[PDB]
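Working notes for the structure below.
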Amino acid sequence: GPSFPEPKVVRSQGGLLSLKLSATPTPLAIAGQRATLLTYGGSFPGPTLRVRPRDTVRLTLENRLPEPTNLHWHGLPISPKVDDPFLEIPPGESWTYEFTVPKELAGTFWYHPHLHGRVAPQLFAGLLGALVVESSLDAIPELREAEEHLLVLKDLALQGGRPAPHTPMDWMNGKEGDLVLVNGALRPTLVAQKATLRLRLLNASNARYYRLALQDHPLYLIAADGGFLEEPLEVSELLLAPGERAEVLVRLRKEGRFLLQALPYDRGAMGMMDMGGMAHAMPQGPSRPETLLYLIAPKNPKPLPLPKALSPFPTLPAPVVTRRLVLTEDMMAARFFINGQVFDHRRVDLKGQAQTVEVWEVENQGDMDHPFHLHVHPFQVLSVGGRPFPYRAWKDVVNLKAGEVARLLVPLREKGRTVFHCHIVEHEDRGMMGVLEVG
Ligand SMILES: [Cu+2]
Ligand SMILES: [Cu+2]
Ligand SMILES: [Cu+2]
Ligand code: NA
């Protein structure tokens, strides 16, 4: 096959993407070993769905797992009556998701299970895939002529040819695996044919963070989770928390091999130690550095000029309310709270009004990083930890280090009941989720 593995793409046809996926245990070859994973479409990752604004999506999910499941269309601003976090598809049953892609939308999104209490093992076992919304901006020459690749970053651990089970410490920290894969492959080689690469990046891991850096090169950020920036932003490294997406341009500077690495990063994961009295909790400290892939630059590379503008960010109405959400932890219980409460699917936590703008102040009073996600309503990050954000773009996940406050601008779009939660999905399963009702 091609030196660089990427998931199969399914494209809409005549404005319609109509597909039947099955969620099923699947024998496959992965990282040089035979394993049984849970997959959509028979592959890991699942197929990449590629659509345009205003296309109709008709996706019938058949559940061939021994447990109930459902789909979350992560990042898409569609109705919570379609992207329904309370829906359960029993084993052997099917459900069809049908929606129109919003007109003012572009970027990389993804789909994965969202059935409260079962997300972490189902996501860890391989149930995820990407969705790309192609834009008219892809036709400007500085992007059209770049070589485009999707990179799904997902780690895994195998025990007896199956995904390793969760331990108690996994429920507290979030499970990380020792196989750190790109598109399901272990350290693939990307042989570039053009000097400018456009890389869509997706962190589909349960809990692992990727502090991304390409040897000898900066990255040019052009899209965040849910849309383009206003103009490219040069960065020396890019931290991708669970659930986050980015699109970056790489401008290859000379011939050679360059490693794309996940540099050491300390997210506050905890271990246990016994030195006399105790046992007591002790920080795991920073992650070990990982090589994600090998990037081979072509001969005599002469990258294109960067685009000078991308997409103007909309002028939002003045906000009508300020909310304050506080995140806290009980690590030894592996219990996680928002404003002192655990999730309850019958309780509405916040009531807002559609087509108004709200300011959400989300405060991490724990010691771990927590990546906060809101369904249905993408947001603009104004500041995090008191530092103003360096760009304007739609996001739907924002990472908060211990102690930090993020200030968001949240336009409320579709009416209905939806959720917000930590995207360390073990923490959501263990209660760090609440209910927003928009009317
Ligand atoms: Cu998600
Ligand atoms: Cu969390
Ligand atoms: Cu969710
Ligand atoms: Na299948």
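Each chain of the structure tokens is named A, B, ... in the order shown, its residues numbered from 1; ligands are numbered from 1 in display order.
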Requested in this report: Excluding range 259-270 of chain A and residues on its chain fewer than 2 positions from it, collect all residues at most 6 Å away from it, counting only C-alpha atoms, and give them as an NGL selection string.
Outcome: :A and (173 or 210-215 or 282-294 or 368-369)
Query raised in the report: So which residues are near ligand 3, meaning at most 10 Å away with only C-alpha atoms and all ligand atoms counted, given back as number ranges by chain?
Result: A: 71-75, 83-85, 112-116, 119, 243, 372-376, 418-423, 425, 428, 433
Got time to write the residues from that selection, N, CA and C atoms, as a PDB file, in the first residue's frame?
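Result file result.pdb:
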ATOM      1  N   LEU A  71     -23.720   6.924  19.179  1.00  0.00           N
ATOM      2  CA  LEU A  71     -22.726   7.755  18.482  1.00  0.00           C
ATOM      3  C   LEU A  71     -22.787   9.187  19.002  1.00  0.00           C
ATOM      4  N   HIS A  72     -21.630   9.805  19.193  1.00  0.00           N
ATOM      5  CA  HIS A  72     -21.533  11.256  19.402  1.00  0.00           C
ATOM      6  C   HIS A  72     -20.808  11.805  18.170  1.00  0.00           C
ATOM      7  N   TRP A  73     -21.390  12.843  17.538  1.00  0.00           N
ATOM      8  CA  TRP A  73     -20.806  13.514  16.377  1.00  0.00           C
ATOM      9  C   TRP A  73     -19.984  14.682  16.929  1.00  0.00           C
ATOM     10  N   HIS A  74     -18.787  14.372  17.389  1.00  0.00           N
ATOM     11  CA  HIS A  74     -18.065  15.306  18.258  1.00  0.00           C
ATOM     12  C   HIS A  74     -17.705  16.570  17.469  1.00  0.00           C
ATOM     13  N   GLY A  75     -18.125  17.728  17.982  1.00  0.00           N
ATOM     14  CA  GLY A  75     -17.837  18.994  17.382  1.00  0.00           C
ATOM     15  C   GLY A  75     -18.865  19.504  16.401  1.00  0.00           C
ATOM     16  N   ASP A  83     -27.720  14.293  17.569  1.00  0.00           N
ATOM     17  CA  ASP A  83     -26.526  13.992  18.359  1.00  0.00           C
ATOM     18  C   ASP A  83     -26.978  13.796  19.804  1.00  0.00           C
ATOM     19  N   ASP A  84     -27.624  12.662  20.103  1.00  0.00           N
ATOM     20  CA  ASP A  84     -28.418  12.494  21.321  1.00  0.00           C
ATOM     21  C   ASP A  84     -27.597  11.737  22.346  1.00  0.00           C
ATOM     22  N   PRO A  85     -27.064  12.406  23.370  1.00  0.00           N
ATOM     23  CA  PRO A  85     -26.169  11.719  24.309  1.00  0.00           C
ATOM     24  C   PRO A  85     -26.911  10.764  25.261  1.00  0.00           C
ATOM     25  N   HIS A 112     -17.559   8.886  17.910  1.00  0.00           N
ATOM     26  CA  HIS A 112     -17.148   7.872  18.882  1.00  0.00           C
ATOM     27  C   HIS A 112     -18.349   7.609  19.798  1.00  0.00           C
ATOM     28  N   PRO A 113     -18.303   6.572  20.623  1.00  0.00           N
ATOM     29  CA  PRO A 113     -19.437   6.282  21.500  1.00  0.00           C
ATOM     30  C   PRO A 113     -19.614   7.319  22.594  1.00  0.00           C
ATOM     31  N   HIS A 114     -20.856   7.411  23.058  1.00  0.00           N
ATOM     32  CA  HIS A 114     -21.107   8.279  24.149  1.00  0.00           C
ATOM     33  C   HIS A 114     -22.226   7.749  25.060  1.00  0.00           C
ATOM     34  N   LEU A 115     -22.121   6.547  25.554  1.00  0.00           N
ATOM     35  CA  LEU A 115     -23.158   5.991  26.432  1.00  0.00           C
ATOM     36  C   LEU A 115     -22.578   6.040  27.849  1.00  0.00           C
ATOM     37  N   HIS A 116     -23.113   6.920  28.694  1.00  0.00           N
ATOM     38  CA  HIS A 116     -22.554   7.185  30.039  1.00  0.00           C
ATOM     39  C   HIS A 116     -22.211   5.917  30.819  1.00  0.00           C
ATOM     40  N   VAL A 119     -18.238   4.644  27.989  1.00  0.00           N
ATOM     41  CA  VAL A 119     -17.452   5.277  26.919  1.00  0.00           C
ATOM     42  C   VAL A 119     -15.985   4.804  26.972  1.00  0.00           C
ATOM     43  N   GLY A 243      -9.508  14.599  22.533  1.00  0.00           N
ATOM     44  CA  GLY A 243     -10.666  15.112  21.875  1.00  0.00           C
ATOM     45  C   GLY A 243     -10.372  16.307  20.991  1.00  0.00           C
ATOM     46  N   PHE A 372     -12.037  20.215  28.905  1.00  0.00           N
ATOM     47  CA  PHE A 372     -13.489  20.443  29.020  1.00  0.00           C
ATOM     48  C   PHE A 372     -14.127  20.470  27.636  1.00  0.00           C
ATOM     49  N   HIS A 373     -15.185  19.678  27.430  1.00  0.00           N
ATOM     50  CA  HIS A 373     -15.858  19.620  26.133  1.00  0.00           C
ATOM     51  C   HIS A 373     -17.327  19.971  26.334  1.00  0.00           C
ATOM     52  N   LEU A 374     -17.879  20.739  25.408  1.00  0.00           N
ATOM     53  CA  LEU A 374     -19.303  21.038  25.352  1.00  0.00           C
ATOM     54  C   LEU A 374     -19.878  20.510  24.036  1.00  0.00           C
ATOM     55  N   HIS A 375     -20.938  19.705  24.106  1.00  0.00           N
ATOM     56  CA  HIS A 375     -21.586  19.210  22.896  1.00  0.00           C
ATOM     57  C   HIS A 375     -22.362  20.350  22.236  1.00  0.00           C
ATOM     58  N   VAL A 376     -22.569  20.238  20.918  1.00  0.00           N
ATOM     59  CA  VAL A 376     -23.572  21.000  20.146  1.00  0.00           C
ATOM     60  C   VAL A 376     -23.225  22.482  19.922  1.00  0.00           C
ATOM     61  N   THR A 418     -28.454  18.834  26.174  1.00  0.00           N
ATOM     62  CA  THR A 418     -27.159  18.302  25.766  1.00  0.00           C
ATOM     63  C   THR A 418     -26.283  18.296  27.018  1.00  0.00           C
ATOM     64  N   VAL A 419     -25.006  17.931  26.865  1.00  0.00           N
ATOM     65  CA  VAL A 419     -24.115  17.748  28.016  1.00  0.00           C
ATOM     66  C   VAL A 419     -22.786  18.469  27.798  1.00  0.00           C
ATOM     67  N   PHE A 420     -22.057  18.687  28.901  1.00  0.00           N
ATOM     68  CA  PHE A 420     -20.671  19.116  28.900  1.00  0.00           C
ATOM     69  C   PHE A 420     -19.963  18.183  29.866  1.00  0.00           C
ATOM     70  N   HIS A 421     -18.668  17.926  29.621  1.00  0.00           N
ATOM     71  CA  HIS A 421     -17.971  16.898  30.395  1.00  0.00           C
ATOM     72  C   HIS A 421     -16.482  16.973  30.102  1.00  0.00           C
ATOM     73  N   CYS A 422     -15.725  16.359  30.980  1.00  0.00           N
ATOM     74  CA  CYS A 422     -14.306  16.184  30.769  1.00  0.00           C
ATOM     75  C   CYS A 422     -14.089  15.212  29.624  1.00  0.00           C
ATOM     76  N   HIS A 423     -13.092  15.480  28.771  1.00  0.00           N
ATOM     77  CA  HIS A 423     -12.874  14.510  27.682  1.00  0.00           C
ATOM     78  C   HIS A 423     -11.734  13.567  27.993  1.00  0.00           C
ATOM     79  N   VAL A 425     -12.082  10.409  29.181  1.00  0.00           N
ATOM     80  CA  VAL A 425     -13.427   9.861  29.163  1.00  0.00           C
ATOM     81  C   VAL A 425     -13.667   8.957  30.388  1.00  0.00           C
ATOM     82  N   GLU A 428     -15.460  11.311  32.692  1.00  0.00           N
ATOM     83  CA  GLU A 428     -16.888  11.441  32.387  1.00  0.00           C
ATOM     84  C   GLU A 428     -17.648  10.220  32.905  1.00  0.00           C
ATOM     85  N   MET A 433     -19.582  15.338  34.409  1.00  0.00           N
ATOM     86  CA  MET A 433     -20.473  15.693  33.289  1.00  0.00           C
ATOM     87  C   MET A 433     -21.701  16.398  33.871  1.00  0.00           C
TER      88      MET A 433
END
Query raised in the report: By how many Å are CA of residue 273 in chain A and CA of residue 124 in chain A apart?
Result: 26.7 Å
Requested in this report: Can you tell me which residues come within 6 Å of ligand 2 when counting only C-alpha atoms and all ligand atoms, ideally as a VMD selection string?
Outcome: chain A and resid 370 422 424 427
Pick out the residues no farther than 8 Å from ligand 4, counting only C-alpha atoms and all ligand atoms, and list them as a PDB file with C-alpha atoms, in the first residue's frame.
ATOM      1  CA  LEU A  21     -21.735   0.944   9.725  1.00  0.00           C
ATOM      2  CA  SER A  22     -21.613  -1.922  12.174  1.00  0.00           C
ATOM      3  CA  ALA A  23     -19.907  -1.623  15.563  1.00  0.00           C
ATOM      4  CA  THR A  24     -18.422  -5.126  15.898  1.00  0.00           C
ATOM      5  CA  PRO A  25     -15.543  -7.116  17.491  1.00  0.00           C
ATOM      6  CA  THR A  26     -13.040  -7.488  14.653  1.00  0.00           C
ATOM      7  CA  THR A  39     -14.391  -1.281  15.272  1.00  0.00           C
ATOM      8  CA  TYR A  40     -16.721   0.623  13.065  1.00  0.00           C
ATOM      9  CA  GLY A  41     -16.734  -0.506   9.508  1.00  0.00           C
ATOM     10  CA  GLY A  42     -14.289  -3.326  10.114  1.00  0.00           C
ATOM     11  CA  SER A  43     -11.230  -1.073  10.503  1.00  0.00           C
TER      12      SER A  43
END
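Remark: for ligand 1, the closest of the candidate residues A:371, A:305, A:271, A:160 is A:371 (distances computed over only C-alpha atoms and all ligand atoms).
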Report task. For CA of residue 218 in chain A and CA of residue 248 in chain A, quote the distance in Å rounded to one decimal. Result -> 9.8 Å
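When only C-alpha atoms and all ligand atoms are used to measure the gap to ligand 1, the shortest distance among A:439, A:276, A:184, A:129 belongs to A:129.
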**Report entry** Distance criterion (only C-alpha atoms and all ligand atoms): nearest to ligand 1 out of A:11, A:242, A:190, A:66
**Finding:** A:242
Do you know which residues are at most 8 Å from residue 171 in chain A counting only C-alpha atoms, after dropping those on the same chain fewer than 6 positions away, and could you put them as a PDB file with N, CA and C atoms, in the first residue's frame?
ATOM      1  N   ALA A 334     -11.787   7.898  42.835  1.00  0.00           N
ATOM      2  CA  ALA A 334     -11.977   8.141  41.393  1.00  0.00           C
ATOM      3  C   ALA A 334     -13.383   8.695  41.138  1.00  0.00           C
ATOM      4  N   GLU A 426     -12.614   8.439  30.986  1.00  0.00           N
ATOM      5  CA  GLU A 426     -12.793   7.800  32.291  1.00  0.00           C
ATOM      6  C   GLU A 426     -13.405   8.764  33.316  1.00  0.00           C
ATOM      7  N   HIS A 427     -13.021  10.029  33.286  1.00  0.00           N
ATOM      8  CA  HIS A 427     -13.598  10.971  34.250  1.00  0.00           C
ATOM      9  C   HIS A 427     -15.065  11.254  33.965  1.00  0.00           C
ATOM     10  N   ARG A 430     -17.041   8.426  35.311  1.00  0.00           N
ATOM     11  CA  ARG A 430     -17.043   8.482  36.774  1.00  0.00           C
ATOM     12  C   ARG A 430     -17.672   9.762  37.340  1.00  0.00           C
TER      13      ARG A 430
END
Report summary line: Using only C-alpha atoms, the best pick from A:45, A:431, A:77, A:416 as closest to residue 9 in chain A would be A:45
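A straight line drawn from CA of residue 239 in chain A to CA of residue 172 in chain A is 21.8 Å long.
Residue nearest residue 313 in chain A, chosen from A:336, A:352, A:358, A:230 and counting only C-alpha atoms: A:230.
Using only C-alpha atoms and all ligand atoms, the smallest distance between any of A:130, A:333, A:106, A:28 and ligand 1 comes from A:130.
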Query raised in the report: Would you give me, as a PyMOL selection string, the residues in range 162-260 of chain A that DSSP reads as strand (DSSP E)?
Result: chain A and resi 162-163+179-182+185-186+189-191+196-203+210-214+219-224+227-235+238-240+245-251+256-260
Selected residues, C-alpha atoms, written as a short mmCIF file (atom, residue, chain, number, x, y, z; two decimals), in the first residue's frame, please.
data_model
loop_
_atom_site.label_atom_id
_atom_site.label_comp_id
_atom_site.auth_asym_id
_atom_site.auth_seq_id
_atom_site.Cartn_x
_atom_site.Cartn_y
_atom_site.Cartn_z
CA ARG A 162 -7.56 -7.92 23.14
CA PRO A 163 -7.57 -4.36 24.51
CA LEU A 179 1.45 1.32 21.71
CA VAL A 180 1.39 4.93 20.49
CA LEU A 181 -0.08 4.73 17.00
CA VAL A 182 -0.82 6.98 14.03
CA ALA A 185 0.21 2.07 12.57
CA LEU A 186 3.33 2.05 14.73
CA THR A 189 7.07 6.79 7.49
CA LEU A 190 5.59 9.76 5.62
CA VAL A 191 7.56 10.27 2.39
CA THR A 196 4.14 21.92 1.92
CA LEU A 197 2.09 19.45 3.94
CA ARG A 198 -1.38 20.07 5.35
CA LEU A 199 -1.79 17.76 8.38
CA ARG A 200 -5.18 17.26 10.04
CA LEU A 201 -4.48 16.06 13.57
CA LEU A 202 -6.96 14.27 15.82
CA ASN A 203 -6.27 13.21 19.43
CA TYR A 210 0.46 14.82 22.60
CA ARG A 211 2.91 17.68 22.95
CA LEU A 212 3.67 17.74 19.23
CA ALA A 213 6.92 19.02 17.71
CA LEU A 214 8.53 18.35 14.35
CA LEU A 219 4.14 24.29 12.68
CA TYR A 220 1.71 26.80 11.11
CA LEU A 221 -1.67 26.39 12.85
CA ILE A 222 -4.52 27.06 10.37
CA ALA A 223 -7.54 25.36 12.00
CA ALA A 224 -8.55 24.57 15.55
CA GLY A 227 -12.91 25.82 12.19
CA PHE A 228 -10.16 27.86 10.54
CA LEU A 229 -8.15 30.54 12.27
CA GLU A 230 -8.31 34.07 10.76
CA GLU A 231 -4.73 33.78 9.54
CA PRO A 232 -1.95 31.20 10.05
CA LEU A 233 -0.23 31.15 13.44
CA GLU A 234 3.41 30.04 13.78
CA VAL A 235 4.08 27.81 16.82
CA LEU A 238 1.34 22.20 19.72
CA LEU A 239 -0.32 20.50 22.70
CA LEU A 240 -3.25 18.30 21.63
CA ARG A 245 -8.22 18.62 16.59
CA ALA A 246 -5.91 20.97 14.70
CA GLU A 247 -4.85 21.49 11.11
CA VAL A 248 -1.24 22.61 10.58
CA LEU A 249 0.87 23.51 7.58
CA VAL A 250 4.43 22.13 7.49
CA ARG A 251 6.90 23.90 5.20
CA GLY A 256 16.28 14.79 5.26
CA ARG A 257 14.47 12.72 7.85
CA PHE A 258 12.61 14.62 10.58
CA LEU A 259 10.91 12.96 13.56
CA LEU A 260 7.43 14.07 14.62
#
**Report entry** Shell around residue 339 in chain A at 7 Å using only C-alpha atoms, local window under 3 positions removed, as a ChimeraX atom specification
**Finding:** /A:325-327
Query raised in the report: Which residues come within 6 Å of residue 126 in chain A, counting only C-alpha atoms, excluding same-chain residues fewer than 3 positions away, as a PyMOL selection string?
Result: chain A and resi 37-39+123
With only C-alpha atoms as the counted atoms, please give the residues lying no more than 8 Å from residue 142 in chain A, apart from itself and same-chain residues fewer than 2 positions off, as an mmCIF file with N, CA and C atoms, in the first residue's frame.
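Output saved as out.cif:
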data_model
loop_
_atom_site.group_PDB
_atom_site.id
_atom_site.type_symbol
_atom_site.label_atom_id
_atom_site.label_comp_id
_atom_site.auth_asym_id
_atom_site.auth_seq_id
_atom_site.Cartn_x
_atom_site.Cartn_y
_atom_site.Cartn_z
ATOM 1 N N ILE A 140 -8.143 27.671 -2.324
ATOM 2 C CA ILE A 140 -7.103 28.688 -2.511
ATOM 3 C C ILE A 140 -5.796 27.970 -2.806
ATOM 4 N N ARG A 144 -4.630 24.255 -1.799
ATOM 5 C CA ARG A 144 -4.913 23.217 -2.788
ATOM 6 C C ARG A 144 -3.654 22.484 -3.172
ATOM 7 N N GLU A 145 -2.542 23.206 -3.274
ATOM 8 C CA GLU A 145 -1.299 22.594 -3.737
ATOM 9 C C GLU A 145 -0.497 21.904 -2.633
ATOM 10 N N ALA A 146 -0.951 21.946 -1.374
ATOM 11 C CA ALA A 146 -0.276 21.264 -0.272
ATOM 12 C C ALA A 146 -0.670 19.779 -0.308
ATOM 13 N N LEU A 304 5.432 26.419 -0.752
ATOM 14 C CA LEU A 304 4.609 27.530 -1.181
ATOM 15 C C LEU A 304 4.613 28.634 -0.124
ATOM 16 N N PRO A 305 4.231 29.854 -0.489
ATOM 17 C CA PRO A 305 3.984 30.885 0.548
ATOM 18 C C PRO A 305 2.742 30.514 1.376
ATOM 19 N N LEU A 306 2.730 30.918 2.654
ATOM 20 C CA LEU A 306 1.539 30.698 3.463
ATOM 21 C C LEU A 306 0.384 31.515 2.928
ATOM 22 N N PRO A 307 -0.861 31.075 3.165
ATOM 23 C CA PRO A 307 -1.994 31.960 2.853
ATOM 24 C C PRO A 307 -1.941 33.190 3.738
#
